[PDB]
């Protein structure tokens, strides 16, 4: 049954033509699985635009729950040398990247819908990624699918990256047949999470990705110019306000994956997405491993299936026994302990200030009487200042950290600050983690702040996570000393007794380089306001401090 038919030969993806295909899929789990694929189905939007889709379904009678995903990357798409750190990603041949594998889902009696959103495949309409107008298009395909002859009315959305962002968007519209959702690592506020980091423009990945969309659909003259967008809209203004999902409208039952490894792209938002959703039924899975790798691991496919079985098949399984938070405490690279909790942020987090001392470059439990100033050269990529704490007992830090600094510059009216948290083993050697974008030489946590963008949103800011307004640039007179609070992105790490936490503040990127030379898969921040010495002031009135989430 689920052993498949070794007798049959597998269908190759360019054997399949418009219309009805009977195909034999190379299922990772279930062998040679027969099914029906409708290639180049169309769904008509309110305005008349046709979106193109693929439909994979069991070759049998009945109505089935529907698992759907939607993007603009190519519905028909089909690495060890090229991008060796992507890890192990097993899927059938009928699985575009990050989508639900019909070779897994369909033999378990689901329909899979793969949606090419507006401006992709054979649509030449407006392509405006991760906007409300795209979500409205998605809304209509969900509702269309609830009414078809192979459908049981129950639609669940699923998938990774772009295929997650679009889920946050469309769930915010509350489609009546959206019964469950799995945004498996997706941002939902482009200004704060991909276009800029603490107000500093992303000159790497962001551009890469937007340029990549242009290059894919070359005959489409209607692709939104997001490169110009970034250039024209340096503040969180009306353009960017429309690209922050209204998360608290989400009511749909929710399974979120966040990852400690994705800081600088999907990490901040996956957490905001779980936090802010109004969903009465919501669950969060957090891991410190690789992205696509973890989505397709059998363990996590079974986690997804158990969720969808309960909500789309309405089946009595034990899904609701799942703790609302399951999270990895990272010890080393591909080594840690999974724990559970009933909420994120962790209810038993004790936010603990550690005070910085520029005089001996320590962190400290108690305030520093003596006032002091640490300096570094902001244009020198080899220069930074560090502050370290060695733990006398095993300690786990899980959640947001907040670096609070007093700072000044003299050769400029603005400052770009790059913050990092590193772990140092008992020998004094840095302990590396998976980090963005699939780098293996990463650190514990990372965060950024253009200092003219230091204004706090008081009603959204908290002890562990500052929220910045991004509406007024408060430029600097020299040598004006100002308080900043920097958001270190969510992380989960064990510091054993005799291991060290190091805060690093720098004028440029702290971990340098990426896992694809000559290709900008990682954020880069090459457009900087930095000049001359940065001053970090500590001790006395200058209560510079790191707030840590001890759990």
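Residue numbers count along the first chain shown, from 1.
According to the entry, the deposited sequence has 4 to 9 residues without coordinates between residue 78 and residue 79. The deposited model assigns a higher average Cα B-factor to 235 to 243 than to the other stretch when 133 to 141 and 235 to 243 are compared.
Relative to one another, 84 to 92 and 152 to 160 have unequal mean CA B-factors, and 152 to 160 is the one with the higher figure. When the Cα B-factors of 299, 185, 411, 430 are read from the PDB record, 411 comes out highest. Listed residues 109, 435, 121, 71 were ranked by CA B-factor as deposited; 121 comes out on top. Sorting the modelled residues of the chain by their CA temperature factor places residue 422 in the middle third. Among the modelled residues of its chain, residue 57 has a C-alpha B-factor that falls in the lowest third, as given in the PDB entry. Ranked by Cα temperature factor within the chain, residue 334 sits in the lowest third according to the deposited record. Ranked by C-alpha B-factor against the other modelled residues of its chain, residue 128 falls in the middle third. Per the deposited record, the Cα B-factor of residue 24 falls in the middle third when ranked against the other modelled residues of its chain.
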